[PDB]
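See below for protein.pdb, which holds PDB, C-alpha atoms.
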```
ATOM      1  CA  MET A   1       0.000   0.000   0.000
ATOM      2  CA  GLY A   2       3.045   2.317   0.660
ATOM      3  CA  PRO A   3       6.931   2.150   0.528
ATOM      4  CA  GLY A   4       7.204  -0.009   3.717
ATOM      5  CA  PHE A   5       4.969  -2.707   2.141
ATOM      6  CA  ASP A   6       7.030  -2.261  -1.092
ATOM      7  CA  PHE A   7      10.339  -3.185   0.693
ATOM      8  CA  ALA A   8       8.595  -6.055   2.631
ATOM      9  CA  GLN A   9       7.128  -7.510  -0.632
ATOM     10  CA  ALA A  10      10.563  -7.313  -2.376
ATOM     11  CA  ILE A  11      12.060  -9.413   0.480
ATOM     12  CA  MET A  12       9.162 -11.940   0.556
ATOM     13  CA  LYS A  13       9.112 -12.518  -3.245
ATOM     14  CA  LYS A  14      12.847 -13.441  -3.499
ATOM     15  CA  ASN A  15      14.224 -14.253   0.006
ATOM     16  CA  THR A  16      11.628 -16.578   1.652
ATOM     17  CA  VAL A  17      10.758 -20.274   1.538
ATOM     18  CA  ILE A  18       8.168 -22.305   3.430
ATOM     19  CA  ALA A  19      10.069 -24.463   5.962
ATOM     20  CA  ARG A  20       8.360 -27.513   7.554
ATOM     21  CA  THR A  21       9.771 -29.341  10.617
ATOM     22  CA  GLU A  22       8.020 -31.834  12.977
ATOM     23  CA  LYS A  23       6.965 -28.681  14.985
ATOM     24  CA  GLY A  24       5.022 -27.084  11.994
ATOM     25  CA  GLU A  25       5.290 -24.766   8.982
ATOM     26  CA  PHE A  26       7.422 -21.574   9.352
ATOM     27  CA  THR A  27       8.232 -18.537   7.216
ATOM     28  CA  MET A  28      12.011 -18.936   6.604
ATOM     29  CA  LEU A  29      14.230 -16.016   5.535
ATOM     30  CA  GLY A  30      17.073 -16.821   3.144
ATOM     31  CA  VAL A  31      20.006 -14.424   3.751
ATOM     32  CA  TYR A  32      22.775 -15.415   1.210
ATOM     33  CA  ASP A  33      24.075 -18.506  -0.669
ATOM     34  CA  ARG A  34      22.205 -21.521   0.932
ATOM     35  CA  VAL A  35      22.045 -19.918   4.455
ATOM     36  CA  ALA A  36      18.634 -19.176   6.028
ATOM     37  CA  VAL A  37      17.211 -18.445   9.500
ATOM     38  CA  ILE A  38      14.303 -19.866  11.504
ATOM     39  CA  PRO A  39      13.176 -19.606  15.165
ATOM     40  CA  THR A  40      15.122 -22.068  17.349
ATOM     41  CA  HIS A  41      11.779 -23.530  18.646
ATOM     42  CA  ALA A  42      11.238 -24.999  15.090
ATOM     43  CA  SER A  43      13.721 -27.729  16.292
ATOM     44  CA  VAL A  44      15.544 -28.165  12.935
ATOM     45  CA  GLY A  45      16.996 -31.676  12.469
ATOM     46  CA  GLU A  46      19.035 -33.509   9.806
ATOM     47  CA  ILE A  47      16.183 -33.193   7.175
ATOM     48  CA  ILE A  48      13.720 -30.286   6.630
ATOM     49  CA  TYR A  49      11.017 -29.675   3.956
ATOM     50  CA  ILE A  50      11.612 -26.476   1.867
ATOM     51  CA  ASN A  51       8.550 -25.603  -0.318
ATOM     52  CA  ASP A  52       7.460 -29.306   0.255
ATOM     53  CA  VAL A  53      10.805 -30.746  -1.067
ATOM     54  CA  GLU A  54      12.835 -33.050   1.224
ATOM     55  CA  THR A  55      16.134 -31.183   1.890
ATOM     56  CA  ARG A  56      19.246 -32.272   3.824
ATOM     57  CA  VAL A  57      20.457 -29.845   6.514
ATOM     58  CA  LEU A  58      24.250 -29.296   5.992
ATOM     59  CA  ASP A  59      24.611 -27.272   9.277
ATOM     60  CA  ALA A  60      22.231 -25.877  11.969
ATOM     61  CA  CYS A  61      23.459 -23.513  14.773
ATOM     62  CA  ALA A  62      21.187 -22.261  17.580
ATOM     63  CA  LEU A  63      22.723 -18.841  18.401
ATOM     64  CA  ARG A  64      23.412 -17.664  21.974
ATOM     65  CA  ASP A  65      25.017 -14.373  23.134
ATOM     66  CA  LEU A  66      28.376 -14.256  24.958
ATOM     67  CA  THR A  67      26.418 -14.336  28.300
ATOM     68  CA  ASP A  68      25.398 -17.898  26.995
ATOM     69  CA  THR A  69      21.759 -16.623  26.797
ATOM     70  CA  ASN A  70      19.305 -17.923  24.101
ATOM     71  CA  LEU A  71      18.842 -15.569  21.052
ATOM     72  CA  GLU A  72      16.034 -17.787  19.494
ATOM     73  CA  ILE A  73      17.737 -17.633  16.030
ATOM     74  CA  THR A  74      18.881 -20.855  14.297
ATOM     75  CA  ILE A  75      21.125 -20.398  11.208
ATOM     76  CA  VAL A  76      20.530 -23.285   8.749
ATOM     77  CA  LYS A  77      22.693 -24.185   5.737
ATOM     78  CA  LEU A  78      20.434 -26.068   3.240
ATOM     79  CA  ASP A  79      21.526 -28.744   0.671
ATOM     80  CA  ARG A  80      19.573 -26.777  -1.963
ATOM     81  CA  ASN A  81      20.436 -26.503  -5.698
ATOM     82  CA  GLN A  82      19.839 -22.703  -5.774
ATOM     83  CA  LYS A  83      21.342 -19.670  -3.909
ATOM     84  CA  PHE A  84      19.368 -16.822  -2.283
ATOM     85  CA  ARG A  85      19.836 -13.228  -3.389
ATOM     86  CA  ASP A  86      22.441 -11.797  -0.965
ATOM     87  CA  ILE A  87      20.510  -9.396   1.408
ATOM     88  CA  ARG A  88      23.231  -9.036   4.120
ATOM     89  CA  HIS A  89      23.628  -5.303   3.267
ATOM     90  CA  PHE A  90      19.999  -4.772   4.549
ATOM     91  CA  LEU A  91      20.881  -6.132   8.054
ATOM     92  CA  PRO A  92      21.493  -3.680  10.931
ATOM     93  CA  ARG A  93      24.973  -3.597  12.478
ATOM     94  CA  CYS A  94      23.711  -2.728  16.038
ATOM     95  CA  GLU A  95      20.788  -3.190  18.465
ATOM     96  CA  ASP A  96      18.263  -0.370  17.887
ATOM     97  CA  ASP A  97      14.628   0.809  18.078
ATOM     98  CA  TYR A  98      12.682   1.422  14.817
ATOM     99  CA  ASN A  99       9.658   3.258  13.507
ATOM    100  CA  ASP A 100       6.899   1.967  11.218
ATOM    101  CA  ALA A 101       7.785  -1.740  10.726
ATOM    102  CA  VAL A 102       5.941  -4.453   8.723
ATOM    103  CA  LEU A 103       5.723  -8.128   9.750
ATOM    104  CA  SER A 104       5.410 -10.352   6.608
ATOM    105  CA  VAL A 105       4.377 -14.075   6.657
ATOM    106  CA  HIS A 106       4.077 -16.676   3.894
ATOM    107  CA  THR A 107       2.764 -20.192   4.779
ATOM    108  CA  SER A 108       0.035 -22.610   3.508
ATOM    109  CA  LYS A 109      -2.247 -21.149   6.328
ATOM    110  CA  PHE A 110      -1.250 -17.431   5.787
ATOM    111  CA  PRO A 111      -0.033 -16.741   2.195
ATOM    112  CA  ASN A 112       0.908 -13.183   1.183
ATOM    113  CA  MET A 113       0.227 -11.793   4.720
ATOM    114  CA  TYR A 114       1.579  -8.269   5.616
ATOM    115  CA  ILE A 115       0.918  -6.486   8.999
ATOM    116  CA  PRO A 116       1.856  -2.833   9.764
ATOM    117  CA  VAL A 117       3.016  -3.242  13.422
ATOM    118  CA  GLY A 118       4.133   0.401  13.978
ATOM    119  CA  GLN A 119       6.810   1.280  16.493
ATOM    120  CA  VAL A 120       9.424  -1.372  17.420
ATOM    121  CA  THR A 121      11.109  -1.159  20.896
ATOM    122  CA  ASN A 122      14.536  -2.641  21.733
ATOM    123  CA  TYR A 123      12.887  -4.652  24.568
ATOM    124  CA  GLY A 124      16.026  -6.688  25.460
ATOM    125  CA  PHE A 125      15.302  -9.474  27.968
ATOM    126  CA  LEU A 126      12.197 -11.709  27.574
ATOM    127  CA  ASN A 127      11.251 -14.938  29.322
ATOM    128  CA  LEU A 128      10.087 -16.582  26.091
ATOM    129  CA  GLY A 129       8.085 -19.781  26.764
ATOM    130  CA  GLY A 130      10.100 -20.165  30.043
ATOM    131  CA  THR A 131      13.485 -19.596  28.297
ATOM    132  CA  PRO A 132      15.469 -16.438  29.174
ATOM    133  CA  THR A 133      16.084 -14.712  25.794
ATOM    134  CA  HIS A 134      18.088 -11.570  24.816
ATOM    135  CA  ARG A 135      17.974  -9.073  21.882
ATOM    136  CA  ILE A 136      14.148  -9.058  21.693
ATOM    137  CA  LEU A 137      12.254  -6.448  19.649
ATOM    138  CA  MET A 138       8.642  -5.692  20.697
ATOM    139  CA  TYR A 139       5.659  -4.293  18.758
ATOM    140  CA  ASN A 140       2.116  -3.632  20.002
ATOM    141  CA  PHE A 141       0.240  -5.974  17.635
ATOM    142  CA  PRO A 142      -1.795  -9.061  18.726
ATOM    143  CA  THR A 143       0.195 -11.655  16.680
ATOM    144  CA  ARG A 144      -1.141 -15.280  16.537
ATOM    145  CA  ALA A 145       0.197 -18.828  16.027
ATOM    146  CA  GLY A 146       1.269 -19.276  12.369
ATOM    147  CA  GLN A 147       3.355 -16.018  12.324
ATOM    148  CA  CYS A 148       6.641 -17.446  13.806
ATOM    149  CA  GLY A 149       9.520 -16.926  11.331
ATOM    150  CA  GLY A 150       7.736 -13.883   9.895
ATOM    151  CA  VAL A 151      10.089 -11.197   8.636
ATOM    152  CA  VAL A 152      10.217  -7.773  10.356
ATOM    153  CA  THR A 153      11.336  -4.931   8.026
ATOM    154  CA  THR A 154      11.489  -1.181   7.780
ATOM    155  CA  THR A 155      12.257   0.649   4.486
ATOM    156  CA  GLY A 156      15.745  -0.518   3.597
ATOM    157  CA  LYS A 157      16.286  -2.809   6.630
ATOM    158  CA  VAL A 158      15.566  -6.463   7.580
ATOM    159  CA  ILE A 159      15.608  -6.178  11.387
ATOM    160  CA  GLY A 160      14.240  -9.442  12.909
ATOM    161  CA  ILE A 161      12.174 -12.652  12.748
ATOM    162  CA  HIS A 162       8.945 -13.081  14.751
ATOM    163  CA  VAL A 163       9.404 -15.610  17.653
ATOM    164  CA  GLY A 164       6.397 -15.092  20.006
ATOM    165  CA  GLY A 165       3.563 -13.043  21.517
ATOM    166  CA  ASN A 166       1.554 -12.506  24.760
ATOM    167  CA  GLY A 167      -1.848 -11.866  23.042
ATOM    168  CA  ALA A 168      -1.390  -8.020  23.005
ATOM    169  CA  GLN A 169       2.361  -7.631  22.053
ATOM    170  CA  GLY A 170       4.535  -9.480  19.485
ATOM    171  CA  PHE A 171       8.240 -10.271  19.873
ATOM    172  CA  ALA A 172      10.999 -10.717  17.277
ATOM    173  CA  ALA A 173      14.629 -11.876  17.573
ATOM    174  CA  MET A 174      17.064  -9.291  16.172
ATOM    175  CA  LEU A 175      19.037  -9.984  13.006
ATOM    176  CA  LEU A 176      22.503  -8.443  13.076
ATOM    177  CA  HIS A 177      25.020  -8.285  10.176
ATOM    178  CA  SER A 178      27.660  -9.957  12.445
ATOM    179  CA  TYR A 179      25.625 -13.241  12.560
ATOM    180  CA  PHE A 180      26.347 -13.805   8.763
ATOM    181  CA  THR A 181      30.064 -12.934   8.203
TER     182      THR A 181
END
```
Can the structure from this file be put into structure tokens for me?
Amino acid sequence: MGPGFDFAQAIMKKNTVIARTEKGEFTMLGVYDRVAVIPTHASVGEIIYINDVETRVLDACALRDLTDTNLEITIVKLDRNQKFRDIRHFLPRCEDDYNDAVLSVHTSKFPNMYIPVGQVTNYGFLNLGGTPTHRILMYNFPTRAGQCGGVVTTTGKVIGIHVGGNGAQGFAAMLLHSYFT
């Protein structure tokens, strides 16, 4: 509808796949080469489905900060025959707050879904499903099951992936450029 939705759509149409694990279907962001991200609660194993094709997992790393605290981001290298467009130059270098973000989801349940979530707070610490978690972004939208893995963008920046909600607020894990060197 406007330039925020324009940037979000450009990311969805080239840099997402539908990932299926034994824990469900997730929006999965491809970042560069065969490297993608997914919430750590997806419990990626040795095999994953990518757009309903059986795909070997070459590497999966559940990130933690240097306090050894959960970040809720898993970096997956896929045995896929095709590279992603390199979008690392759209990743923030530091923790920050943002204005006027969009959360974008693409699954079998929610295809072509875009949500203007407004202001994004650097929330920091969250007890996420009982797990202490750092580098959490918060937005005041009532997000629902099916949105985990959704991509959070502003114009020109890919800032996080949706990992949870409390019925009134939604929470994303930060993406930082330093995760993908």
Near residue 161 of chain A, within 8 Å and counting all atoms listed in the file, which residues show up once chain neighbours fewer than 2 positions away are dropped, as a PDB file with C-alpha atoms, in the coordinates of the input?
```
ATOM      1  CA  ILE A  38      14.303 -19.866  11.504  1.00  0.00           C
ATOM      2  CA  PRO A  39      13.176 -19.606  15.165  1.00  0.00           C
ATOM      3  CA  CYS A 148       6.641 -17.446  13.806  1.00  0.00           C
ATOM      4  CA  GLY A 149       9.520 -16.926  11.331  1.00  0.00           C
ATOM      5  CA  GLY A 150       7.736 -13.883   9.895  1.00  0.00           C
ATOM      6  CA  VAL A 151      10.089 -11.197   8.636  1.00  0.00           C
ATOM      7  CA  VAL A 152      10.217  -7.773  10.356  1.00  0.00           C
ATOM      8  CA  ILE A 159      15.608  -6.178  11.387  1.00  0.00           C
ATOM      9  CA  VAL A 163       9.404 -15.610  17.653  1.00  0.00           C
ATOM     10  CA  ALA A 172      10.999 -10.717  17.277  1.00  0.00           C
ATOM     11  CA  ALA A 173      14.629 -11.876  17.573  1.00  0.00           C
ATOM     12  CA  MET A 174      17.064  -9.291  16.172  1.00  0.00           C
ATOM     13  CA  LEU A 175      19.037  -9.984  13.006  1.00  0.00           C
TER      14      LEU A 175
END
```
Residues in the PyMOL selection byres ((chain A and resi 80) around 7), expressed as JSON, numbers by chain: {"A": [34, 55, 78, 79, 81, 82]}
Now that the selection is made, can you save its residues with C-alpha atoms as a PDB file, in the coordinates of the input?
```pdb
ATOM      1  CA  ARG A  34      22.205 -21.521   0.932  1.00  0.00           C
ATOM      2  CA  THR A  55      16.134 -31.183   1.890  1.00  0.00           C
ATOM      3  CA  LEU A  78      20.434 -26.068   3.240  1.00  0.00           C
ATOM      4  CA  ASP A  79      21.526 -28.744   0.671  1.00  0.00           C
ATOM      5  CA  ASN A  81      20.436 -26.503  -5.698  1.00  0.00           C
ATOM      6  CA  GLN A  82      19.839 -22.703  -5.774  1.00  0.00           C
TER       7      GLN A  82
END
```
In Å, with one decimal, what is the gap from atom CA of residue 135 of chain A to atom CA of residue 37 of chain A? 15.5 Å
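Atom CA of residue 160 of chain A sits 9.2 Å away from atom CA of residue 103 of chain A.
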Assuming the chain letters and numbering stay as they are in my file, what does the PyMOL selection byres ((chain A and resi 139-147) around 10) actually select? List them as number ranges by chain. A: 24-27, 98, 100-101, 103-110, 113, 115-123, 137-138, 148-151, 161-172
Take the selection from the previous step and output its residues with C-alpha atoms, as a short mmCIF file (atom, residue, chain, number, x, y, z; two decimals), in the coordinates of the input.
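See part13.cif below for the written result:
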```cif
data_model
loop_
_atom_site.label_atom_id
_atom_site.label_comp_id
_atom_site.auth_asym_id
_atom_site.auth_seq_id
_atom_site.Cartn_x
_atom_site.Cartn_y
_atom_site.Cartn_z
CA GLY A 24 5.02 -27.08 11.99
CA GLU A 25 5.29 -24.77 8.98
CA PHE A 26 7.42 -21.57 9.35
CA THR A 27 8.23 -18.54 7.22
CA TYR A 98 12.68 1.42 14.82
CA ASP A 100 6.90 1.97 11.22
CA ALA A 101 7.78 -1.74 10.73
CA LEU A 103 5.72 -8.13 9.75
CA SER A 104 5.41 -10.35 6.61
CA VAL A 105 4.38 -14.08 6.66
CA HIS A 106 4.08 -16.68 3.89
CA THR A 107 2.76 -20.19 4.78
CA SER A 108 0.04 -22.61 3.51
CA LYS A 109 -2.25 -21.15 6.33
CA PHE A 110 -1.25 -17.43 5.79
CA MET A 113 0.23 -11.79 4.72
CA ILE A 115 0.92 -6.49 9.00
CA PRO A 116 1.86 -2.83 9.76
CA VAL A 117 3.02 -3.24 13.42
CA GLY A 118 4.13 0.40 13.98
CA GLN A 119 6.81 1.28 16.49
CA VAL A 120 9.42 -1.37 17.42
CA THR A 121 11.11 -1.16 20.90
CA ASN A 122 14.54 -2.64 21.73
CA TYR A 123 12.89 -4.65 24.57
CA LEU A 137 12.25 -6.45 19.65
CA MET A 138 8.64 -5.69 20.70
CA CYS A 148 6.64 -17.45 13.81
CA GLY A 149 9.52 -16.93 11.33
CA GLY A 150 7.74 -13.88 9.90
CA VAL A 151 10.09 -11.20 8.64
CA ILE A 161 12.17 -12.65 12.75
CA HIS A 162 8.94 -13.08 14.75
CA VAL A 163 9.40 -15.61 17.65
CA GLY A 164 6.40 -15.09 20.01
CA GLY A 165 3.56 -13.04 21.52
CA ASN A 166 1.55 -12.51 24.76
CA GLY A 167 -1.85 -11.87 23.04
CA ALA A 168 -1.39 -8.02 23.00
CA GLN A 169 2.36 -7.63 22.05
CA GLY A 170 4.54 -9.48 19.48
CA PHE A 171 8.24 -10.27 19.87
CA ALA A 172 11.00 -10.72 17.28
#
```
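Note that the spacing between atom CA of residue 124 of chain A and atom CA of residue 40 of chain A amounts to 17.4 Å.
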Name the residues that the PyMOL selection byres ((chain A and resi 75) around 10) pulls out of this structure, and write them as a PDB file with C-alpha atoms, in the coordinates of the input.
```pdb
ATOM      1  CA  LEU A  29      14.230 -16.016   5.535  1.00  0.00           C
ATOM      2  CA  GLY A  30      17.073 -16.821   3.144  1.00  0.00           C
ATOM      3  CA  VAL A  31      20.006 -14.424   3.751  1.00  0.00           C
ATOM      4  CA  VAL A  35      22.045 -19.918   4.455  1.00  0.00           C
ATOM      5  CA  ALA A  36      18.634 -19.176   6.028  1.00  0.00           C
ATOM      6  CA  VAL A  37      17.211 -18.445   9.500  1.00  0.00           C
ATOM      7  CA  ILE A  38      14.303 -19.866  11.504  1.00  0.00           C
ATOM      8  CA  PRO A  39      13.176 -19.606  15.165  1.00  0.00           C
ATOM      9  CA  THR A  40      15.122 -22.068  17.349  1.00  0.00           C
ATOM     10  CA  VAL A  44      15.544 -28.165  12.935  1.00  0.00           C
ATOM     11  CA  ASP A  59      24.611 -27.272   9.277  1.00  0.00           C
ATOM     12  CA  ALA A  60      22.231 -25.877  11.969  1.00  0.00           C
ATOM     13  CA  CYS A  61      23.459 -23.513  14.773  1.00  0.00           C
ATOM     14  CA  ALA A  62      21.187 -22.261  17.580  1.00  0.00           C
ATOM     15  CA  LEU A  63      22.723 -18.841  18.401  1.00  0.00           C
ATOM     16  CA  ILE A  73      17.737 -17.633  16.030  1.00  0.00           C
ATOM     17  CA  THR A  74      18.881 -20.855  14.297  1.00  0.00           C
ATOM     18  CA  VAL A  76      20.530 -23.285   8.749  1.00  0.00           C
ATOM     19  CA  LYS A  77      22.693 -24.185   5.737  1.00  0.00           C
ATOM     20  CA  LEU A  78      20.434 -26.068   3.240  1.00  0.00           C
ATOM     21  CA  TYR A 179      25.625 -13.241  12.560  1.00  0.00           C
ATOM     22  CA  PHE A 180      26.347 -13.805   8.763  1.00  0.00           C
TER      23      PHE A 180
END
```
Which centre and which edge lengths, in Å to one decimal, describe the axis-aligned box that holds all listed atoms of segment 36-47 of chain A after 4 Å is added on each side, as lines of an AutoDock Vina configuration file?
```
center_x = 15.1
center_y = -26.0
center_z = 12.3
size_x = 15.8
size_y = 23.1
size_z = 20.6
```
Just want the 12 Å neighbourhood of residue 54 of chain A, counted on all atoms listed in the file, with same-chain residues fewer than 4 positions away dropped. Output as a ChimeraX atom specification. /A:18-21,46-50,78-80
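Remark: for residue 7 of chain A, the closest of the candidate residues A:83, A:177, A:127, A:90 is A:90 (distances computed over all atoms listed in the file).
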Using all atoms listed in the file, the residue out of A:111, A:45, A:132, A:4 with shortest distance to residue 156 of chain A is A:4
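Proximity of A:99, A:126, A:157, A:93 to residue 178 of chain A, computed with only C-alpha atoms, is greatest for A:93.
With all atoms listed in the file as the atoms that count, the residue of A:3, A:11, A:17, A:134 with the shortest distance to residue 95 of chain A is A:134.
When all atoms listed in the file are used to compute distances to residue 94 of chain A, the closest of the residues A:57, A:136, A:176, A:66 turns out to be A:176.
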